[PDB]
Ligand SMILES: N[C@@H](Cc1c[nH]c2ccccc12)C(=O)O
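In the block that follows, a single chain appears as structure tokens, in the form deposited without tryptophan (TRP).
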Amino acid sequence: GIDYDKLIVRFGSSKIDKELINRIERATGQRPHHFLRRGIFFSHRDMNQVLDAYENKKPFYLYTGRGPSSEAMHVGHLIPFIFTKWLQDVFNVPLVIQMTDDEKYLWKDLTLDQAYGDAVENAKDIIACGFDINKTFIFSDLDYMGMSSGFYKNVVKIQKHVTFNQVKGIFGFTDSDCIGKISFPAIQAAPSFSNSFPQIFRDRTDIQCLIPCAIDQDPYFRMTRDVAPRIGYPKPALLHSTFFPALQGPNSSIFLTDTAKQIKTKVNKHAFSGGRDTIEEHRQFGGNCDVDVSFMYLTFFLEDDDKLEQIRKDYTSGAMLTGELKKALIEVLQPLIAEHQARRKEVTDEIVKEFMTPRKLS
């Protein structure tokens, strides 16, 4: 029992209600994604503003990012992108994806070239998620900073309105930290304003931003929202989601690089079970879907609501065993991961380059 209602108030966000979900549905003319109608993406901030702009034929855009990783990207990392891809499709709005290679360089043991390299590679995985090349700008901080007539200006503006004491509290920086880490929050914030991308929005500063993110990141995004009116820009809207369960609750998680046999082995051997120790005692008391990692993953990926609920009931009653549940998950992940690998393999250096080239979108 995690409890997210104690978080909506802890941060001051606005819990998304069955009422808000309906306006989205009416505005998009499509059934709400399962993350919504399942509470994956529960809370938000200013979502109604976005709809106001949209319904009244006024465009808005999406912003999300990732810290280029030299390591593997697991299924958990897909949640944000899947939702953003959906938002992008149903609203048909531009999307900018920031690869914070400068950030990784500042925090990890990498040369500037290696950081950039990890960014271009992670870019393939992101493109693999299926984003439309005609309305998605994926950019490396290291590359785009030197080719934007608006980005650095916004960074300087933000840097002037944020003090060390403020970032010390929000991010825990110390006196021993390099000056690059200390001013980085401005780089991460700048993408929230439309005129940071002249090639896409030009001089416009009204096209509001929408940022899908994790609930426990709301404090960080508060900095950006607080600086917005201070420098004359609309605050970016937010859509919060729950956390992704850890495997145990190496084999730390299921990476998008694992094979069918690897997935199978990870689940059946490491997926934390909320079921009983013996098959006799399990049918006796049932399983706990609340803490059963295997079922939790199903809530994220299994798209059939009925098929999902049926599993919850059976596992809870004790009818379905753990190994059987694990088989239900493995049969959903293998094709998930499999398809990702296929799409990624078809992403050429040409395609990557086009996604990462500042240009007019549609």
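So that there is no doubt, residue numbering starts at 1 and follows the sequence shown. By rigid core we mean the largest C-alpha set that fits within 1.5 Å across both forms.
The next section is about a form of this same protein that is not shown, the form deposited with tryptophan (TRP) bound.
J.: Would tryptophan (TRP) be touched by all three of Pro32, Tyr54 and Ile207 in the bound PDB entry, meaning a heavy atom each within 4.5 Å?
T.: Verified in the bound PDB entry; spot residues all out of contact, no.
J.: How about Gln217: is it within 4.5 Å of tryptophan (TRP) in the bound PDB entry, going by heavy atoms?
T.: Yes, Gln217 sits close enough to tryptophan (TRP) in the bound PDB entry that at least one of its heavy atoms falls within 4.5 Å.
J.: Can you tell me whether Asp305 touches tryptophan (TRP)? I mean in the bound PDB entry, with a 4.5 angstroms heavy atom cut-off.
T.: Because no heavy atom of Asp305 falls inside 4.5 Å of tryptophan (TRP) in the bound PDB entry, the answer is no.
J.: May I ask you to check whether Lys15 falls inside a 4.5 Å heavy atom distance of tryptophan (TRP) in the bound PDB entry?
T.: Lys15: no, not in contact with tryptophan (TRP) in the bound PDB entry.
J.: Whether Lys327 contacts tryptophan (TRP) in the bound PDB entry should be assessed with a 4.5 Å heavy atom distance threshold; does it?
T.: Contact with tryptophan (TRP), no.
J.: Only one of these stretches, 209 to 217, 280 to 288, 155 to 163, 267 to 275, has heavy atoms within 4.5 Å of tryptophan (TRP) in the bound PDB entry; which one is it?
T.: That would be stretch 209 to 217.
J.: If you check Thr224, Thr100, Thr136, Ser196 against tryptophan (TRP) in the bound PDB entry, which one has a heavy atom within 4.5 Å?
T.: Contact residue from the list: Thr100.
J.: Choose, among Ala189, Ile215, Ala128, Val167, the residue with a C-alpha displacement of 2 Å or more between this form and the one not shown when the rigid core is used for superposition.
T.: Among the listed residues, the one whose C-alpha moves by 2 Å or more is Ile215.
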